[PDB]
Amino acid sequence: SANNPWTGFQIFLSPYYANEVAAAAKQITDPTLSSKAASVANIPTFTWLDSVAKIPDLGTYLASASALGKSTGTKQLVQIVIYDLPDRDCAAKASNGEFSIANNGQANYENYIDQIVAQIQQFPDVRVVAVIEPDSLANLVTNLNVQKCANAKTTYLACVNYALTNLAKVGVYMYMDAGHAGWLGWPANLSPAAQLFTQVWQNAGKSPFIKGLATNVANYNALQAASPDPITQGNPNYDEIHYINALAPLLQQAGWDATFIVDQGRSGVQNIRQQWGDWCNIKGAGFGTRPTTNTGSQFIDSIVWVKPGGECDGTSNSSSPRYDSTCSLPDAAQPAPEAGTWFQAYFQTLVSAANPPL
């Protein structure tokens, strides 16, 4: 549409990821690969607010972006992910979080949003783009038979609504998470998904700051596949552009001129999974298309890197309380540490297998 949030802005590079990358490049023995690994810190990524402990860090990022803009005569943009719902990750085990519905989860989540809003309010010269709660809404479309998800439904919707309503008041551009082609792209799931997204958008007042949806977050699908990956058999929507082209018209019909952003951070290498539902630390993944607003689709505002490559998806250690057997499958890189922590050997392969090369 007419207002692409990235036009005319310089993206503030994540200091969190830059520090991880700088440390990781020092441990890569090949000198040519080390130099290429270090340059990853100059590629824009989303910074995840996966715990209330990281809200003070958001404040420092905003202040630093503000100063950088004034220094260089540019307008700066900070990219964040809101990811702290109570009973988070309801259909899996690896990314269970700090809040629970049973122990004042919604109240705690509302306080988490309020503290984020309080930081953003102090730096109105910095634009913020937020991805809202990966996996949450997609789980309420296909996983209501999962008891943890069914019991979380009303809390999820209330929390997401609280996030959308209050971040809109400080002018944050928001993309709700919308799974990926292998999850909601199945033709039979498109209409239920559209009805849920539309209902969420209506409940939050149809604010123009709710730009649309994010797809493929933390996953590996192609935006435009040369030929279908074999795991996609049975689904005509075998890549993200197929999914988006089928879903976007249903949202427009409901009055929402919705646009999309698509994660390609780990999509450089296709045809590496045994089943489409294998999501954890997939072996042989490579960095994908670099972020750009030259997307080739009327519906896509930007290709982005939301999940930061090198940060683990979950542990292969069967003794951990967060052990998910998806992370022990033959196509999952092992041994792997806890979700969110650095996975050096995985980062090194992402660099080596990057397509296009670094």
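C-alpha atoms forming the largest set that superposes within 1.5 Å between two forms make up the rigid core. All residue numbers are counted from 1 along the displayed sequence.
After superposition on the rigid core, the larger root-mean-square Cα deviation in 5 other deposited structures of this protein belongs to 87 to 95, not to the other of 234 to 242 and 87 to 95. Of the two stretches examined, 96 to 104 and 193 to 201, the one with higher mean CA deviation in 5 other deposited structures of this protein after a rigid core fit is 96 to 104. Legend: mean Cα B-factor per stretch from the PDB entry, 47 to 55 versus 291 to 299; the higher mean is in 291 to 299.
The deposited model assigns a higher average Cα B-factor to 231 to 239 than to the other stretch when 75 to 83 and 231 to 239 are compared. The entry assigns its greatest Cα B factor, within the set 159, 129, 269, 102, to 102.
When the Cα B-factors of 219, 139, 95, 115 are read from the PDB record, 95 comes out highest. When all modelled residues of the chain are sorted by CA temperature factor, residue 111 is found within the lowest third. Sort the modelled residues of the chain by CA B factor and residue 134 lands in the lowest third. Residue-level temperature factors show residue 311 in the lowest third of its chain, judged at the C-alpha atom. Ranked by C-alpha B-factor against the other modelled residues of its chain, residue 154 falls in the middle third.
Among all modelled residues in this chain, the alpha-carbon of residue 212 has a temperature factor (C-alpha) in the middle third.
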